[PDB]
$ cat upload_9.txt   # compact mmCIF, C-alpha atoms
# COMPACT_ATOMS: atom_id res chain seq x y z
CA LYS A 1 -61.54 -76.78 -4.66
CA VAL A 2 -63.04 -77.92 -7.97
CA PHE A 3 -66.82 -77.47 -7.67
CA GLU A 4 -69.24 -79.93 -9.21
CA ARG A 5 -71.66 -78.12 -11.56
CA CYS A 6 -74.90 -78.32 -9.57
CA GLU A 7 -73.14 -77.83 -6.27
CA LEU A 8 -71.84 -74.51 -7.62
CA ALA A 9 -75.21 -73.47 -9.13
CA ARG A 10 -76.92 -73.89 -5.75
CA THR A 11 -74.11 -72.01 -3.97
CA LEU A 12 -74.25 -69.07 -6.37
CA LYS A 13 -78.03 -68.82 -5.94
CA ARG A 14 -77.76 -68.71 -2.16
CA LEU A 15 -75.14 -65.92 -2.52
CA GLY A 16 -77.69 -63.91 -4.51
CA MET A 17 -76.14 -64.04 -7.96
CA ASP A 18 -79.27 -64.91 -9.89
CA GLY A 19 -80.20 -61.80 -11.86
CA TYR A 20 -77.60 -59.63 -10.14
CA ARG A 21 -77.43 -56.47 -12.27
CA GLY A 22 -79.49 -58.35 -14.85
CA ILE A 23 -77.13 -61.32 -15.14
CA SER A 24 -78.82 -64.72 -14.96
CA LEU A 25 -77.47 -67.61 -12.93
CA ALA A 26 -76.75 -69.65 -16.10
CA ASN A 27 -74.48 -66.84 -17.33
CA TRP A 28 -72.42 -66.78 -14.12
CA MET A 29 -72.17 -70.58 -14.46
CA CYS A 30 -71.01 -70.26 -18.09
CA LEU A 31 -68.44 -67.64 -16.99
CA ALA A 32 -66.99 -69.82 -14.16
CA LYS A 33 -66.88 -72.85 -16.44
CA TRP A 34 -64.77 -71.10 -19.10
CA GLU A 35 -62.66 -69.00 -16.78
CA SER A 36 -61.47 -71.67 -14.35
CA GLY A 37 -63.36 -74.91 -14.89
CA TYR A 38 -65.01 -74.23 -11.51
CA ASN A 39 -61.58 -74.29 -9.80
CA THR A 40 -61.08 -71.84 -6.88
CA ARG A 41 -57.28 -72.11 -6.90
CA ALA A 42 -56.77 -71.41 -10.60
CA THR A 43 -54.25 -68.64 -11.35
CA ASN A 44 -53.01 -67.23 -14.63
CA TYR A 45 -50.08 -64.91 -15.07
CA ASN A 46 -50.37 -62.46 -17.96
CA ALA A 47 -46.73 -61.98 -18.97
CA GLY A 48 -47.76 -59.28 -21.44
CA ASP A 49 -48.88 -56.84 -18.75
CA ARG A 50 -47.56 -58.30 -15.48
CA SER A 51 -50.98 -58.94 -13.94
CA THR A 52 -52.51 -62.18 -12.65
CA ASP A 53 -56.07 -63.56 -12.83
CA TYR A 54 -57.22 -65.18 -9.57
CA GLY A 55 -59.81 -67.73 -8.67
CA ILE A 56 -63.03 -69.22 -9.88
CA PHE A 57 -63.92 -66.01 -11.77
CA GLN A 58 -60.33 -65.23 -12.75
CA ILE A 59 -60.47 -61.71 -11.34
CA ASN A 60 -57.57 -59.48 -12.41
CA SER A 61 -55.06 -57.85 -10.02
CA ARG A 62 -54.68 -54.60 -11.99
CA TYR A 63 -58.07 -53.31 -11.01
CA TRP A 64 -59.82 -55.65 -8.61
CA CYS A 65 -57.59 -57.12 -5.91
CA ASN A 66 -54.18 -56.39 -4.46
CA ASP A 67 -51.22 -58.76 -4.90
CA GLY A 68 -48.46 -56.16 -4.49
CA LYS A 69 -46.50 -57.04 -7.64
CA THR A 70 -48.84 -55.64 -10.31
CA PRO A 71 -47.67 -52.21 -11.62
CA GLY A 72 -50.06 -49.27 -11.23
CA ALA A 73 -52.85 -51.47 -9.96
CA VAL A 74 -55.88 -50.54 -7.93
CA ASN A 75 -57.84 -52.76 -5.55
CA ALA A 76 -61.50 -51.92 -6.20
CA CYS A 77 -62.71 -54.94 -4.26
CA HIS A 78 -60.51 -53.95 -1.31
CA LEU A 79 -59.30 -57.53 -1.02
CA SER A 80 -55.98 -59.32 -1.07
CA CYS A 81 -55.88 -61.46 -4.23
CA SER A 82 -55.22 -64.28 -1.77
CA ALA A 83 -58.90 -64.09 -0.68
CA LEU A 84 -59.86 -65.22 -4.17
CA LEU A 85 -58.03 -68.55 -3.75
CA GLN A 86 -60.09 -69.86 -0.79
CA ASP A 87 -62.45 -72.85 -1.11
CA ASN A 88 -65.19 -70.60 0.27
CA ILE A 89 -66.19 -68.31 -2.62
CA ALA A 90 -68.07 -65.65 -0.61
CA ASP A 91 -65.25 -63.14 -1.18
CA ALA A 92 -64.89 -63.99 -4.88
CA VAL A 93 -68.66 -63.58 -5.33
CA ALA A 94 -68.70 -60.23 -3.54
CA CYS A 95 -65.87 -59.02 -5.80
CA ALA A 96 -67.49 -60.38 -8.99
CA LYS A 97 -70.59 -58.35 -8.03
CA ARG A 98 -68.36 -55.27 -7.80
CA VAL A 99 -66.88 -55.98 -11.24
CA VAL A 100 -70.29 -56.08 -12.98
CA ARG A 101 -71.46 -52.94 -11.20
CA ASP A 102 -69.33 -51.11 -13.77
CA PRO A 103 -71.00 -50.21 -17.15
CA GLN A 104 -69.29 -53.11 -18.99
CA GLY A 105 -71.17 -55.73 -16.94
CA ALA A 106 -70.19 -59.29 -17.86
CA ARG A 107 -68.30 -57.94 -20.91
CA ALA A 108 -65.42 -57.31 -18.51
CA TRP A 109 -64.41 -60.95 -19.09
CA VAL A 110 -63.63 -61.45 -22.77
CA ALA A 111 -64.38 -65.15 -22.32
CA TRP A 112 -68.03 -64.23 -21.70
CA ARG A 113 -68.48 -62.62 -25.14
CA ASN A 114 -66.71 -65.50 -26.87
CA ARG A 115 -68.36 -68.46 -25.20
CA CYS A 116 -71.49 -67.32 -23.36
CA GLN A 117 -73.08 -64.25 -24.94
CA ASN A 118 -76.04 -64.95 -27.23
CA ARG A 119 -75.80 -68.68 -26.67
CA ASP A 120 -78.20 -71.19 -25.21
CA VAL A 121 -76.68 -71.39 -21.71
CA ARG A 122 -79.52 -73.48 -20.17
CA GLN A 123 -77.26 -76.52 -19.95
CA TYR A 124 -75.18 -74.95 -17.16
CA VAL A 125 -78.08 -75.11 -14.66
CA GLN A 126 -80.13 -77.99 -16.07
CA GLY A 127 -81.20 -80.37 -13.33
CA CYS A 128 -79.58 -78.51 -10.44
CA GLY A 129 -82.79 -77.52 -8.69
CA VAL A 130 -82.25 -73.74 -8.95
$ encode --input "upload_9.txt" --output "structure tokens"
Amino acid sequence: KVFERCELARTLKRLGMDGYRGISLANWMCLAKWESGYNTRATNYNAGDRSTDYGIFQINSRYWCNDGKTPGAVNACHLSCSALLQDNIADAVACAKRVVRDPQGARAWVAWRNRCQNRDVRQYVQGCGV
């Protein structure tokens, strides 16, 4: 599923993402936009280390979910990476919350620092009614 911007903003709010561990809704929106383009089926194989990024938040299989083929990986979210490819993002949101509960916070996704951090991210939620 490819979410429309405001449809996603409202969904994320209902799932309690606004301000989760100090991360505003507009930042989660900026993260999803640059990681997957709001696409829940997006996947990206990292040939360099044999891991894969799954879903709307592009969560990595080395630490967060289990896909069986990633060397020395852990599954902190206790989820199959398959769960992060559903149209329903409840599982992906629960795992993203787990990711940021680590000291790095949103810095866990390098895309956040490059395209979201210290920017005016208002545009991501403008007009969505959230």
$ closest_residue --input "upload_9.txt" --among "A:57, A:63, A:112, A:124" --to "residue 43 in chain A" --atoms "only C-alpha atoms"
A:57
$ closest_residue --input "upload_9.txt" --among "A:17, A:65, A:125, A:9" --to "residue 52 in chain A" --atoms "only C-alpha atoms"
A:65
$ closest_residue --input "upload_9.txt" --among "A:26, A:31, A:12, A:83" --to "residue 110 in chain A" --atoms "only C-alpha atoms"
A:31
$ residues_around --input "upload_9.txt" --residues "residue 111 in chain A" --least-positions-apart "5" --cutoff "12 Å" --atoms "only C-alpha atoms" --output "list in words"
residues 27, 28, 30, 31, 32, 33, 34, 35, 36, 57, 58, 106, 116 and 117 of chain A
$ closest_residue --input "upload_9.txt" --among "A:61, A:123, A:114, A:40" --to "residue 79 in chain A" --atoms "all atoms listed in the file"
A:61
$ residues_near_point --input "upload_9.txt" --point "(-56.9, -65.8, -4.5)" --cutoff "7 Å" --atoms "all atoms listed in the file" --output "list in words"
residues 41, 54, 55, 81, 82, 83, 84, 85 and 86 of chain A
$ residues_around --input "upload_9.txt" --residues "range 95-98 of chain A" --least-positions-apart "3" --cutoff "9 Å" --atoms "all atoms listed in the file" --output "JSON, numbers by chain"
{"A": [17, 20, 21, 57, 59, 64, 65, 76, 77, 78, 79, 84, 90, 91, 92, 101, 102]}
$ atom_distance --input "upload_9.txt" --atom1 "CA of residue 42 in chain A" --atom2 "CA of residue 103 in chain A"
26.4 Å
$ closest_residue --input "upload_9.txt" --among "A:75, A:7, A:128, A:49" --to "residue 99 in chain A" --atoms "only C-alpha atoms"
A:75
$ atom_distance --input "upload_9.txt" --atom1 "CA of residue 120 in chain A" --atom2 "CA of residue 29 in chain A"
12.3 Å
$ atom_distance --input "upload_9.txt" --atom1 "CA of residue 53 in chain A" --atom2 "CA of residue 13 in chain A"
23.6 Å
$ residues_around --input "upload_9.txt" --residues "residue 50 in chain A" --least-positions-apart "6" --cutoff "12 Å" --atoms "only C-alpha atoms" --output "CSV table (one decimal) with C-alpha atoms, in the coordinates of the input"
chain,number,residue,atom,x,y,z
A,44,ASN,CA,-53.0,-67.2,-14.6
A,60,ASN,CA,-57.6,-59.5,-12.4
A,61,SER,CA,-55.1,-57.8,-10.0
A,62,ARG,CA,-54.7,-54.6,-12.0
A,67,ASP,CA,-51.2,-58.8,-4.9
A,68,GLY,CA,-48.5,-56.2,-4.5
A,69,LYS,CA,-46.5,-57.0,-7.6
A,70,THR,CA,-48.8,-55.6,-10.3
A,71,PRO,CA,-47.7,-52.2,-11.6
A,72,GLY,CA,-50.1,-49.3,-11.2
A,73,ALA,CA,-52.8,-51.5,-10.0
$ closest_residue --input "upload_9.txt" --among "A:100, A:2, A:37, A:56" --to "residue 19 in chain A" --atoms "all atoms listed in the file"
A:100
$ build_atoms --input "upload_9.txt" --residues "range 107-124 of chain A" --atoms "N, CA, C and O atoms" --output "tab-separated table (two decimals), keeping the file's coordinate frame"
chain	number	residue	atom	x	y	z
A	107	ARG	N	-69.24	-58.12	-19.79
A	107	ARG	CA	-68.30	-57.94	-20.91
A	107	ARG	C	-66.89	-57.69	-20.41
A	107	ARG	O	-65.95	-57.66	-21.20
A	108	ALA	N	-66.73	-57.52	-19.10
A	108	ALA	CA	-65.42	-57.31	-18.51
A	108	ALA	C	-64.52	-58.54	-18.74
A	108	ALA	O	-63.29	-58.43	-18.78
A	109	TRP	N	-65.13	-59.71	-18.85
A	109	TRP	CA	-64.41	-60.95	-19.09
A	109	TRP	C	-64.59	-61.25	-20.57
A	109	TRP	O	-65.70	-61.54	-21.02
A	110	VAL	N	-63.52	-61.18	-21.34
A	110	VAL	CA	-63.63	-61.45	-22.77
A	110	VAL	C	-64.17	-62.84	-23.03
A	110	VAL	O	-64.89	-63.06	-24.00
A	111	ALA	N	-63.88	-63.78	-22.13
A	111	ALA	CA	-64.38	-65.15	-22.32
A	111	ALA	C	-65.92	-65.18	-22.37
A	111	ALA	O	-66.50	-66.03	-23.04
A	112	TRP	N	-66.57	-64.24	-21.69
A	112	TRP	CA	-68.03	-64.23	-21.70
A	112	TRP	C	-68.59	-63.99	-23.11
A	112	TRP	O	-69.46	-64.73	-23.58
A	113	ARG	N	-68.07	-62.97	-23.78
A	113	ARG	CA	-68.48	-62.62	-25.14
A	113	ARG	C	-68.23	-63.75	-26.13
A	113	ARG	O	-69.06	-64.03	-27.00
A	114	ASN	N	-67.09	-64.42	-25.97
A	114	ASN	CA	-66.71	-65.50	-26.87
A	114	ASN	C	-67.49	-66.78	-26.69
A	114	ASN	O	-67.88	-67.40	-27.66
A	115	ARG	N	-67.69	-67.19	-25.44
A	115	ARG	CA	-68.36	-68.46	-25.20
A	115	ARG	C	-69.72	-68.48	-24.57
A	115	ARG	O	-70.33	-69.55	-24.52
A	116	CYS	N	-70.19	-67.35	-24.03
A	116	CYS	CA	-71.49	-67.32	-23.36
A	116	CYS	C	-72.55	-66.43	-23.99
A	116	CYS	O	-73.72	-66.82	-24.07
A	117	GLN	N	-72.16	-65.21	-24.36
A	117	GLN	CA	-73.08	-64.25	-24.94
A	117	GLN	C	-73.84	-64.78	-26.14
A	117	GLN	O	-73.28	-65.47	-27.00
A	118	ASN	N	-75.15	-64.52	-26.16
A	118	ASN	CA	-76.04	-64.95	-27.23
A	118	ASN	C	-76.08	-66.45	-27.50
A	118	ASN	O	-76.40	-66.89	-28.60
A	119	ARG	N	-75.77	-67.25	-26.50
A	119	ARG	CA	-75.80	-68.68	-26.67
A	119	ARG	C	-76.91	-69.23	-25.80
A	119	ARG	O	-77.48	-68.52	-24.96
A	120	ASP	N	-77.21	-70.50	-26.01
A	120	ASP	CA	-78.20	-71.19	-25.21
A	120	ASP	C	-77.34	-71.72	-24.05
A	120	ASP	O	-76.59	-72.67	-24.20
A	121	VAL	N	-77.44	-71.05	-22.91
A	121	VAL	CA	-76.68	-71.39	-21.71
A	121	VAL	C	-77.47	-72.23	-20.68
A	121	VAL	O	-76.97	-72.50	-19.57
A	122	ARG	N	-78.66	-72.68	-21.06
A	122	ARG	CA	-79.52	-73.48	-20.17
A	122	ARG	C	-78.80	-74.67	-19.57
A	122	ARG	O	-79.00	-75.00	-18.40
A	123	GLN	N	-78.00	-75.34	-20.38
A	123	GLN	CA	-77.26	-76.52	-19.95
A	123	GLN	C	-76.47	-76.37	-18.64
A	123	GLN	O	-76.35	-77.32	-17.88
A	124	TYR	N	-75.96	-75.18	-18.37
A	124	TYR	CA	-75.18	-74.95	-17.16
A	124	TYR	C	-75.94	-75.13	-15.85
A	124	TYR	O	-75.32	-75.42	-14.83
